[PDB]
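What follows is a pair of forms of the same protein chain, given separately as structure tokens and numbered structure 1 and structure 2.
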Structure 1
């Protein structure tokens, strides 16, 4: 296989509708809705883009997927019950700004009763408290953890991990900003470009992203300085915005 080929939107939609009819052929009345990702209200695609689709099933507990290649293109189809999909659309994880923008660009191509619009409405109406909870979790589970990793590199190496770690920290910072502003980034590739455009960034984040976006990640001393500056900015920024991590317990149970 030669990897993904160039295709037009029209050629991709022909493939999409073939899959739609095959889903209806195989699963019949158990299909509530079929949608294609990236096709409502937008084209941020590309000549080499793969195909992703979602299928709402009537079967309780249905949760499976088919992901395959023809050698020329790749497809992913996820099959979920309405309940499982609505639950997922309302959960705010650390990478919500990366993952849940898809729920606003699903093109319904089969829907027997407003199911995909209900998923869209559920994804759009998430409680503000959930973003506060996710931000506090991210600080502990990701950022504090990354700070230990780069401080270990400072004292014991390996500096050969520092470029990869710096990329990971910049992405976690983009999630923090996206959660704060309730922004779902358009694509994986646009995460950093859209993150640094937002107002009220933690101090040092934009400086860190300059290394990651330019690819100038070979000066380990500069990266460690920029990481520490960003970590200090996180402390001031979270304190200022009231994202207060509980530090009062040695053991929280």
Structure 2
């Protein structure tokens, strides 16, 4: 029932069993095999799972195998070189959470240096893409949440406020991550690493204190804390040049 305790030696044994099955099944279509996640960083804990990535020569290839044996769980990603390089060069709103997987790949097999090329791609993204992703995050995520908690203040339900506050704090950590071009190590340390950064929006550290401590029961403290962070976003975007275009009423 659930994940069992495993050692780093047992997980690496499973990884090489999977590599041999990938090489047996696809032969010389395999360009590279690598380990990412906590195992690829060699910081896996007793209950950690396994994540692997595979680069195929078959163009347009994109599939994944993810399973459990009842005791442990594995995920193996299969991508063509172009699909993986393209995704490594796209900056979404959750880029600080997702793209850290490309900065600590443990090489297992590589016919033509593909694992190194992916690393150089994710690390050489031009500045304009982060600027555009920040403006998209403010409109698509922050402005949306602001309307939701302002509605809760006047019509409820306050039973959603703790969940929304976690989402607002997580989106703020993405904003800080995009600003500093930082990818957080893992999901469990996103908030802890975000508040340690410079150039934080005003009120973000206070909002994070509620979420990290789990004190989300005082709705009136949370709503005032959210409104201060939203005001801190307006000063922050002007301070850093991130101008969201508001001039047009219908922009198409």
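Residues that one form lacks are left out of the comparison. Numbering follows the first chain given and starts at 1. What we label the rigid core is the largest C-alpha set whose atoms superpose within 1.5 Å from one form to the other.
S.K.: Could you check which of 187, 39, 220, 49 shows a C-alpha shift of 2 Å or more between structures 1 and 2 after a rigid core superposition?
M.R.: The one that moves 2 Å or more is 39.
S.K.: Could you tell me how many Å the Cα atom of residue 204 shifts between structures 1 and 2 when the rigid core is held superposed?
M.R.: That residue's C-alpha is offset by 0.3 Å.
S.K.: Following alignment on the rigid core, what Cα displacement (Å) is computed for residue 8 between structures 1 and 2?
M.R.: Superposing on the rigid core gives a C-alpha shift of 1.0 Å for residue 8.
S.K.: After superposition on the rigid core, which segments of 3 or more consecutive residues show C-alpha displacements of 2 Å or more between structures 1 and 2?
M.R.: Run moving 2 Å or more: only 38-45.
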